Amino acid sequence: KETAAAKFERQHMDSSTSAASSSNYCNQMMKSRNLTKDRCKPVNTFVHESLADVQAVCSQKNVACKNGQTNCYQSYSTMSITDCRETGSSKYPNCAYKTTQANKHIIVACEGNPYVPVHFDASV
């Protein structure tokens, strides 16, 4: 089955764009990354950075996750991110999202050897 690291990349990485280019970014990416296949994922963030730069966060500022786990890390630097959250009209299978561009620090949980992101905890 898909590894947790691989799921993070699929759900949260978009190294192919610098920022969201239109209001339909989230609608397209949520669909393309299969985040709307079974149900509308209600909120999701994409990170517009290289994979190596995001993986490197696992060596940055340790901080407890929202759920209290201690394997979370905050990036030293802000990153270009897109926040995707369901619109009030979103109704499976016609999932609809509001796209919000931001530059924020990210908080990720890390696991494994190599020690890499497996969960996107927050933008801050």
Side-chain angles (χ1 to χ4, degrees):
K1 120 165 96 184
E2 185 180 34
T3 70
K7 176 162 87 165
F8 176 92
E9 292 195 39
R10 178 172 57 83
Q11 296 195 136
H12 301 292
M13 287 300 305
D14 185 9
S15 307
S16 291
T17 64
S18 67
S21 72
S22 80
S23 66
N24 280 320
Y25 177 86
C26 286
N27 290 330
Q28 300 177 184
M29 285 293 284
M30 293 296 285
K31 185 152 189 246
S32 287
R33 296 295 184 80
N34 301 138
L35 311 180
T36 65
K37 189 176 167 21
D38 311 325
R39 62 188 183 81
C40 303
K41 180 174 194 264
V43 291
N44 193 60
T45 301
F46 292 98
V47 183
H48 303 279
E49 301 292 347
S50 69
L51 182 59
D53 282 346
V54 174
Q55 291 168 332
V57 178
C58 297
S59 67
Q60 300 179 15
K61 184 66 175 161
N62 180 248
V63 62
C65 309
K66 284 156 171 183
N67 80 336
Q69 294 182 196
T70 55
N71 62 317
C72 310
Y73 300 89
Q74 195 205 276
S75 64
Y76 289 130
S77 294
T78 65
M79 294 181 178
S80 169
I81 74 174
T82 301
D83 176 278
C84 298
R85 48 192 9 163
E86 272 188 292
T87 70
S89 293
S90 177
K91 139 259 133 46
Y92 187 87
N94 302 116
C95 303
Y97 294 92
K98 170 74 176 171
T99 297
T100 303
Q101 198 38 54
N103 293 276
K104 301 254 128 211
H105 301 83
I106 70 168
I107 305 173
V108 296
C110 303
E111 303 179 7
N113 182 204
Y115 194 58
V116 292
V118 295
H119 162 82
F120 189 93
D121 204 52
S123 55
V124 298

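Values below: all heavy atoms of this structure, side chains included; hydrogens, waters and symmetry mates excluded. Each residue takes its place number in the sequence, starting with 1.
Looking at heavy atoms from C-beta onward, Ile81 lies out of side-chain contact with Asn103 at the 4.5 angstrom threshold. No side-chain heavy atom of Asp121 sits less than 4.5 Å from a side-chain heavy atom of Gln69. Looking only at side-chain heavy atoms (C-beta outward), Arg39 and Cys95 stay at 4.5 Å or farther from each other. Here the side chains of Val63 and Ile107 are in contact, with some heavy-atom distance below 4.5 Å. Side-chain contact between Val57 and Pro117: absent, with no pair of heavy atoms (C-beta onward) separated by less than 4.5 Å. Residues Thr82 and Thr99 form a side-chain contact, since some pair of their non-hydrogen atoms from C-beta on lies under 4.5 Å apart. Using a 4.5 Å heavy-atom threshold, the side chains of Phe120 and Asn44 count as separate.
More than 12 heavy atoms of other residues, nucleotides or ligands shown are found within 6.0 angstrom of NZ on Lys91.
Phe8 and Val124 fall into different hydrophobic clusters, where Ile, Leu, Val, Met, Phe, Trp and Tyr side chains are chained together by heavy-atom contacts under 4.5 Å. Hydrophobic clustering keeps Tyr76 apart from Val47 (ILVMFWY residues linked when any side-chain heavy atoms are closer than 4.5 Å, directly or through intermediates).
Taken together, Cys110 and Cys58 meet the criterion of an SG-SG distance shorter than 2.5 Å.
Of all non-hydrogen atoms in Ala5 and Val116, the two that sit nearest each other are CB-CG2, 3.7 Å.
Shown here are the side-chain hydrogen bond (donor to acceptor under 3.5 Å, both in side chains) partners of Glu49, two or more places apart in sequence or in another chain: there are none. Under the side-chain hydrogen bond (donor to acceptor under 3.5 Å, both in side chains) criterion, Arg85 pairs with no residue, sequence neighbours left out. In this structure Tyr97 satisfies the ring pair (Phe, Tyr, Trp, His ring centres under 6.0 Å) test with no other residue, sequence neighbours excluded.
Counting only N and O atoms by type, the side chains of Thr45 and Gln11 include no donor and acceptor under 3.5 Å apart. Side-chain polar atoms of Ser18 and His48 form no donor-acceptor pair below 3.5 angstrom.
With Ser75 as reference, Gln60 is the one residue of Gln60, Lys61, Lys104 to meet the side-chain contact (heavy atoms from CB on, under 4.5 Å) rule. Screening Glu86, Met29, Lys41, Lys31 for a side-chain contact (heavy atoms from CB on, under 4.5 Å) with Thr36, the sole residue that qualifies is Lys31.
Salt-bridge formation is detected for the pair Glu2/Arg10: a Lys NZ or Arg NE/NH1/NH2 atom is positioned less than 4.0 Å from an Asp or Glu carboxylate oxygen.
Ring pair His105/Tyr73: centre-to-centre distance not below 6.0 Å.
In this structure, the side chain of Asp83 does not engage the main chain of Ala102 through any donor-acceptor pair within 3.5 Å. At least one donor-acceptor pair under 3.5 Å links the side chain of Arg33 to the backbone N or O of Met13.
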